[PDB]
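So this first bit is one chain, no partners, the form deposited in one PDB entry, shown in structure tokens.
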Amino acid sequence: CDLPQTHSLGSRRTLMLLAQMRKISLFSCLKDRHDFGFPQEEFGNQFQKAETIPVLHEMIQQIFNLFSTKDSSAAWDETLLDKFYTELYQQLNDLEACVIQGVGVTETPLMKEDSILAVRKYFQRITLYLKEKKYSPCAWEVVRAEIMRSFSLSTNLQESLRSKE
């Protein structure tokens, strides 16, 4: 079930919310924003459904882990954080169990190497980065910014999700 469920309506909703949930100064770290350079060239592959289970799940996953801690709620509004991370929790759980299960279609570890690799590198460098900075007020900011950019990009592969007339 690797369909544009949260990419159609969740795109704007998540975008706006996630945008108002992050309160910081863009000038707080101009020498940190640049990071997590995800190779959209090789990672750009949303034409496959059973192949998006890894990339998709991985994305919402890394977010759940980070939002699964108190550090996240301690960095930004708790209310927004709760409802936010909450939606993703049930999202990944359902979405994943949707494609993951044999009810639909599965993927092979052959192509999953790249997908899993890219996604892994992103989340890895993300958590690792902020982890080295001691979850400082600057790290969280950088991670967030990239999260939005990468998110929008990953979702903007075909640009045919849902005609927003």
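We number the residues from 1 along the sequence you see.
Omitted here: the form deposited with a partner chain bound. The next part is about that form.
Trainee: Does at least one non-hydrogen atom of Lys134 fall within 4.5 angstroms of the partner chain in the deposited bound form?
Mentor: Answer no; every heavy atom of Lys134 is more than 4.5 Å from the partner chain in the deposited bound form.
Trainee: Would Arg125 sit within 4.5 Å of the partner chain in the deposited bound form, counting heavy atoms only?
Mentor: Taking the distances in the deposited bound form, the answer for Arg125 is yes, it comes within 4.5 Å of the partner chain.
Trainee: Report whether the minimum heavy atom distance between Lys49 and the partner chain in the deposited bound form is within 4.5 Å.
Mentor: Output for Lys49 is no: heavy atoms all beyond 4.5 Å of the partner chain.
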